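Colleague: model this:
(one chain, ligands or ions: 1)
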Amino acid sequence: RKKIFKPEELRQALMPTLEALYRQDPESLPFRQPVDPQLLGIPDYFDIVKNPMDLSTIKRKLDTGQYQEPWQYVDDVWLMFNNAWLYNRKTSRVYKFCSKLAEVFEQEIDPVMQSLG
Ligand SMILES: CC(=O)c1cn(C)c2ccccc12
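Modeller: Residues are numbered from 1 along each chain as shown. And now the structure:
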């Protein structure tokens, strides 16, 4: 029989992994709010990043039952990373900070995924 997830239980299981990302200081700072290309003066951003994602949007989704399965949450976290790694220079602050968050995410998401299945 296939496992089905209750919204508050999926939120409780995944939230610690999101909190771990959000608490990285300074590395979460470029990711705590959506990229605003108008405010940052980068009109080319949405020509490269078709599906923006950031930590505040991931949290708002985890809080409002928008993830039905844990892998939809994992997909959004990787989308945030892959956007940053495509747009930014490899030794830029944003790219280096992204790679730190991805290290933290990998080290934390594995037991949670095993425990959820
Ligand atoms: C997440 C991301 O790509 C970026 C976040 N900030 C604050 C930026 C500033 C310039 C270029 C890219 C970004």
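Colleague: Tell me how many other residues crowd the closest residue to the ligand within the chain.
Modeller: The minimum distance from the chain to the ligand, using Cβ to the nearest ligand atom, falls at residue 30 (3.8 Å). Every C-beta, even on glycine, is put in place using the N, C-alpha and C of the backbone. For residue 30, the number of neighbouring residues by other Cβ atoms under 10 Å comes to 19.
Colleague: Kindly report the same for residue 40.
Modeller: By other Cβ under 10 Å, 9 other residues sit near residue 40.
Colleague: Would you mind listing the buried residues in the lengthiest helix in the chain?
Modeller: If each helix of the chain is counted by residues according to DSSP state H, the longest one is helix 93-115. Under the neighbour-count criterion of 16 or more other Cβ atoms under 10 Å, helix 93-115 has 94, 95, 97, 98, 101, 102, 104, 105, 108, 109, 112 buried.
Colleague: And for stretch 23-37?
Modeller: Quick answer for stretch 23-37 (16+ other Cβ under 10 Å): 24, 27, 28, 30, 31, 35.
Colleague: Over to stretch 43-57?
Modeller: Residues of stretch 43-57 classed as buried: 45, 49, 53, 54, 55 (neighbour count, 16+ other Cβ under 10 Å).
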